[PDB]
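Commentary on secondary and tertiary structure
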Amino acid sequence: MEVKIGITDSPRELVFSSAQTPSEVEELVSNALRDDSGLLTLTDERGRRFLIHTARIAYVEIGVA
Amino acid sequence: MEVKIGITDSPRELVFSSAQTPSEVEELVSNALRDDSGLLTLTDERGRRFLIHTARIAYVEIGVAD
Amino acid sequence: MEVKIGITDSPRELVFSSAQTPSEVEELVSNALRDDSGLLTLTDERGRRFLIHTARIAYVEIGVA
Amino acid sequence: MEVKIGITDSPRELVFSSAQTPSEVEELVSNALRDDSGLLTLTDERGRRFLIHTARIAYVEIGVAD
Amino acid sequence: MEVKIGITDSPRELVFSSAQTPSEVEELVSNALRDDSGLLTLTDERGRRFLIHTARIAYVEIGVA
Amino acid sequence: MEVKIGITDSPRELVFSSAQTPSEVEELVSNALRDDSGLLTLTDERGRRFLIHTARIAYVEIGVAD
Amino acid sequence: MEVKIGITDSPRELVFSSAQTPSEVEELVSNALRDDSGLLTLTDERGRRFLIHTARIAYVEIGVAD
Amino acid sequence: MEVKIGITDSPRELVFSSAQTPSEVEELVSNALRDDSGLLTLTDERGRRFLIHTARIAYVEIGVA
């Protein structure tokens, strides 16, 4: 499924395909936002790593399974 | 109904169709804004999940039912 | 009457037609700004709801009746 | 007279014609800025109301009397 | 003389002709900046009034007499 | 592997090829972000040095190994 | 010599020719930045005055003498 | 070697050629960032002076020797 992450004051919108479930990704993101984590880590189906600065996240759209 | 969410310092305006009522969406949004929640969660009619950073919300437009 | 709301750091300028009076809208807006409400709610003549983050308001321009 | 109000981080520059005197408008603006008031209110010659968030004001240009 | 005022996060650069001396204008501006005044007032040769929010000033260029 | 670093309020997105492993780079970045370090330092396969102001980091994309 | 001053969140880059020495200009700038002065004042070879809000300075480039 | 300095909320990316070593430049920059100096000073091979407001630095990219 597609994951789109908008980053405040940054022109690119991160987009990738996740091998995880909508719930797994939602948990990871929610926890980061709820806890002001300061780093959110997501991996895509090919093993690319996105390390995002939680505070700079505008939104995450998790696509349909 | 359409839900449009403007996000401060972000080009994209989030748009989707909700299976919920204007009241349900209004409650979710209002609560987030009123309580400075760290996270607002909205789901659309197809089951796409929008996790929005409440503080970055400019506005929400909730369209008319249908 | 037209209501235009400018939102800081957001391209779009919210515009709608109000079934309310200039005074009603002015009170709702003024109260939000004066009290730093954190949410302002306006409804248009068709029943669209605008939930605006008060702090992000640049201006409101309430048209003539 | 023309009143132009520049708003920080907002593309539109508010412009209108005032039925009031340069001094009246200057007092209303000065007071808002000096007191960090939450809200500045100006009306134009046609009765349009501008409610501006004082803190978001960059400048006001007040035109010459008449 | 020309007075140019740059305003941070605002596209227009205020420009006008002053009937005052470079020193008078410099005094008014310097005082505003030094004291964090919260309002700077300048008038031009035709009597236009510029009320600027001191904190939003990037620079003032005062032209030659 | 490619490393892309997005910098908040800066038009350029830093891109380079790393001689290090995804894990090495991830540790260096994670540490910087988790500790709010004042400075993150990365070197590329040609020996170019990137000194990034941690607080200004939007994201790092680490490419797949090789 | 040329002095270029970049101002954060402002399109224009201030440019002028100084009758002073690179050292004089460097001292004035350094002092302002080091001390978080509210105001930096520079004058050019024709007597134009630049009053800059120190906190809004991105950089100063001081050119070579002549 | 080339030194490129990205400045936050400023279009221009400072570029110059250094007569110093990658290590010298790295120390000067690292020290500024680590200590929140409030002024970083770099000089180029022709004697141009860059006085940069440390807090406004996005990145420095020190080229190969």
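**Observations regarding the overall build of chain B**
- The number of helices and strands found in chain B is one helix and five strands.
- Ordered by position from N to C terminus, the α and β elements of chain B give β-β-α-β-β-β.
- Projecting the C-alpha coordinates of chain B onto the three principal axes gives extents of approximately 30 × 25 × 20 Å.
- With 66 residues in all, chain B has 53% of them scored as buried.
- Sequence separation of 24 or more characterises 48% of the internal contacts of chain B that already satisfy a separation of 6 or more.
- Of the roughly 2,700 Å² of accessible surface on chain B, a fraction of 42% belongs to carbon and sulfur atoms.
- Here chain B contributes 7 positive and 12 negative side-chain charges, whose respective centroids are spaced 7 Å apart.

**Description of the interface of chain D and chain E**
- Residue-level contacts link 21 residues of chain D with 18 residues of chain E.
- Summed over both sides, the interface of chain D with chain E buries roughly 1,700 Å², with 53% coming from carbon and sulfur.
- Its largest share of buried area at the contact with chain E, chain D owes to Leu33, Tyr59 and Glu61 of chain D, together 30% of the area lost on that side.
- A salt bridge links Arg48 of chain E to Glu61 of chain D; its shortest N-O distance comes to 2.8 Å.

**Observations regarding the sheet that holds strand β2 (residues 13-17) of chain D**
- Across the sheet, five strands lie side by side as β2(D)-β1(D)-β5(D)-β4(E)-β3(E); this open sheet has antiparallel pairing. Every other strand in the sheet has two partners, leaving β2 of chain D together with β3 (40-43) of chain E as the edge strands with one partner each. Pairwise comparison of adjacent strand axes, ignoring direction, gives a mean angle of 15 degrees for this sheet.
- Pairing geometry for strand β1 (residues 2-7) of chain D and strand β5 (residues 57-62) of chain D, over five bridges, is antiparallel. Looking at β5 of chain D, one finds that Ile7 of chain D is bridged to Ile57 of chain D.
- Here helix α1 (residues 22-35) of chain D sits on the sheet and contacts β1 and β5 of chain D together with β3 and β4 (49-52) of chain E; the angle it forms with β4 of chain E, its principal contact strand, is near 10 degrees.

**What about the arrangement of the chains?**
- Regarding chain A and chain D, which are not in contact, the minimum distance between any of their C-alpha atoms is 13 Å.
- At their nearest point, the C-alpha atoms of chain D and chain G are still 10 Å apart, with no contact between the two.

**Considerations on the sheet that holds strand β2 (residues 13-17) of chain A**
- Strand order in the open sheet made by the five strands is β2(A)-β1(A)-β5(A)-β4(B)-β3(B), with antiparallel pairing throughout. The open sheet is flanked by β2 of chain A together with β3 (40-43) of chain B, the only strands paired with a single partner. Geometrically, the sheet is characterised by an average inter-axis angle of 15 degrees between neighbouring strands, direction not taken into account.
- Two elements, strand β1 (residues 2-7) of chain A and β2 of chain A, share five bridges in a ladder whose sense is antiparallel. If you follow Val3 of chain A over to β2 of chain A, its bridge partner there is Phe16 of chain A.
- Helix-sheet contacts for helix α1 (residues 22-35) of chain A involve β1 and β5 (57-62) of chain A together with β3 and β4 (49-52) of chain B, and the interaxial angle to β4 of chain B is about 10 degrees.

Rules of the game
- Residues numbered from 1 in each chain as written, not as in the entry; some residues may be left out.
- Chains lettered and ligands numbered in written order.
- Heavy atoms only, no water.
- Helix = DSSP H or I, 4+ residues; strand = E, 2+ residues; numbered from the N terminus.
- Buried < 20%, exposed > 50% of the residue type's maximum accessible area, 1.4 Å probe, protein only.
- Contact = heavy atoms within 4.5 Å.
- Areas by Shrake-Rupley, 256 points an atom, 1.4 Å probe, with all protein chains shown as cover.
- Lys, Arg positive; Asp, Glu negative; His and termini not counted.
- Charge placed at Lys NZ, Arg CZ, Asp CG, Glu CD.
- Buried area = accessible area lost by both parts, 1.4 Å probe.
- Salt bridge = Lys/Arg side-chain N within 4 Å of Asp/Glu carboxyl O.
- Pairing = 2+ DSSP bridges.
- Axes fitted to C-alpha atoms, helices over the stretch in contact; angles between N-to-C directions.

By themselves these figures say nothing about function.
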